[PDB]
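Worksheet: one structure, shown below.
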């Protein structure tokens, strides 16, 4: 049996983080917490979710189980759950998922996990630049950039960290030095990315949440978001855009 | 002459409750207050409005008059009236209605009541189940249900009151026992209804407002809403959906 | 060189006031402050902006310069600037404009002022009626009127000031006497105007802001708005609508 | 199937 | 009928 | 020009 109780904010956060890339997904309930990951059908972005058991108000299982969930459905339902509302997820039989909150009980057919596209493997990315800042700031920088290009460049060296976008008539540049960042190794890196993925990523973060960036040169970027008061960890890995002829 | 003064919230509430089903309507100014009722052009839903004179800050008349009002117009105008704003309705001559609020005076041609489809007669519905709960809760239950089916079932017996919806892959159920309801006779009843009418009905209610449900089996449901701090009574009667072959 | 620092509210206010009529514009940085004016491509409305140097937190120049600005672009960018945020406008070279706020630096190519349609000349309008009221009220009156006609009449005499609109089934009238207005000369005037220009004008004003109206008979109306706590002066001059056969 | 009943089926 | 006048009909 | 790389170009 699986019987956990979490807050609405926590549940609404992972369903969104996930649904942003995939429609169905394998959710793993492990001894140390909830885990899940998927790659969007573009084969461009990857999201890895981890919610440690202590984040849950209650987290009971008899063994480590894996379930196939229709995320579009869970997302749709979580809109009815309130932020400060407490929600109970229950999996008694092996074919239906129960979601409780308020005076409502929602049931849904599970998907045979084996039927869902085998999840990808957690990559091994050793990268130069390491940046830790407020997700809120990052969010604003991307939004500004979004008004200029469909792509931005993440640049990094001893001077600091920079996000830049270029139009044919104007440009915009975001910049922070070690003094302003929470942590900064001054590593050297440069990569280009699509602004649209970054915005979609930022939809699950706000001011006060921590963001850790792992950046390299012409390599995927690691955006590790720590949300809901440090109760959840949502990691997005995005493939880069490549210039050529 | 007709000269009443009410709050914006009160006026904005009945115009919406009414306009939700009809475009024109007969409004009755009786010794004990304002009355009105109409049936939508589908011949599915009925709304009955009653605002007792004491609800009005001022309520003066010389006799009981009836007027034909273009509700689409009054609704459109009430959007400019504020909740905490006070509004004066005046009918001096027998052809135009004056609506005062702020430093604005709005005038509109009345409709010869006899020209409006004769209002229906207040039915005599003796029903088993009687439920009294918070309209806010009901509102949330319907919204949840609305994400599953286009129809819901109102079920009732000694166990309590229930609203349920079924999809082809999932379902949702709202439930409350006597302990949770404000009043409950545990009557036995079951009826099916269209979710869209219920949502439209709920647009005029919120948390804190009282809702009394009169339910039977395969019979119309009586949804008696008490709004604006108990100053208004808006009743909706909805025809049921019927299963067959 | 040009180097000024203003608040977001102030900058977001003039860009909107201006962009409401034109896409490009000549901005004049004079010893006593910022000035600008344009006529929309309909040849119906004119906007005149004046922000006295004392409004700026910082306002440094070496001489009086004039620049050609792509207002659609500055507007688009100011949406990212916060109300309480401070923004720095800088013009070092004579071809690009720098806009600073947060940890962002935005650069944009300037337009050769001579390339922009020569601005109009500040008219000399001697008018009868002079009305000074709260822009917020005016705003509400126009919105109410907007639900009745596509045009309204500004009427004025010893009785007071009035805005009126007429439909084919109803009408609305806004009215205030000297007792209610902040200042009133009881001059006699009557003119008709398009409701759409007035609404667009009101998008840059709210409660607490002062509005001074200069009205005549079948003449353009002068709407002098004082905004952002009296820090900015935005004047709109609108051509009248003419009745004929 | 499923039909919507009229309100006057009961107030009749 | 009703026409919209131009702004330069007055600043002329 | 500008192309979007696939994620498995690196996890390969």
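Structure notes:
- For F:5, B:244, the sequence from fewest to most other C-beta atoms within 10 Å is B:244, F:5.
- Cα gyration tensor shape of chain B, rounded if a/c is under 1.5, else prolate or oblate by comparing a/b with b/c: prolate
- Peptide packing for B:79-86, A:171-178 was compared via the average number of neighbouring C-beta atoms within 10 Å per residue; ordered from the highest value, the list is A:171-178, B:79-86.
- Teacher prompt: residue C:42 distances to equivalent labels in other copies, 7 Å Cα→Cβ, nm: 4.0, 4.0
- Neighbouring partner chain Cβ atoms per residue of A:98-104, average, 10 Å criterion: 5
- Residue A:76-residue B:23 pseudo-label distance in nm [points 7 Å out on the Cα-to-Cβ vector]: 3.3 nm
- Rounded to the nearest 10 degrees, the angle from helix C:135-146 to the longest Cα principal axis of chain C is 60 degrees.
- The range B:141-215 shape via C-alpha gyration tensor axes, a/c threshold 1.5: oblate
- Mean per-residue shielding of peptide C:162-174 is 4, counting Cβ atoms of other chains within 10 Å of each Cβ.
- Shown for residue B:84: label points 7 Å from Cα along the beta-carbon vector, and their distances to the equivalent points in the other copies, 2.2, 2.2 nm in ascending order.
- Label 7 Å beyond Cα on the Cβ vector: residue A:100 copy-to-copy distances, nm: 5.8, 5.8
- Using C-alpha pairs under 8 Å with a sequence gap of at least 6, the mean separation divided by the residue count of chain C gives a relative contact order of 20 percent.
- Distance in nm between pseudo-label sites at residue A:150 and residue A:57 (7 Å out along the Cβ direction from Cα): 4.6 nm
- Peptide-level mean, for C:125-135, of C-beta atoms on other protein chains within 10 Å: 0
- Going from the fewest other Cβ atoms within 10 Å to the most, the residues B:152, B:19 appear in the order B:19, B:152.
- On the rotation that sends chain A to chain C, the chain A Cβ lying closest to the axis gives residue and distance in whole Å as A:83, 15.
- Between the C-alpha center of the range C:1-77 and that of the range B:158-228 there is a gap of 58 Å.
- Taking label points 7 Å from Cα along the Cα-to-Cβ direction, residue A:245 and residue A:207 give a separation of 4.9 nm.
- On Cα atoms only, tilt of B:8-19 relative to the major axis of chain B in degrees: 70 degrees
Laboratory data are not the source of any read-out in this text; all were calculated from the coordinates shown. Ideal geometry is used to build each Cβ from the backbone, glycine not excepted, and the neighbour counts take in all protein chains shown.
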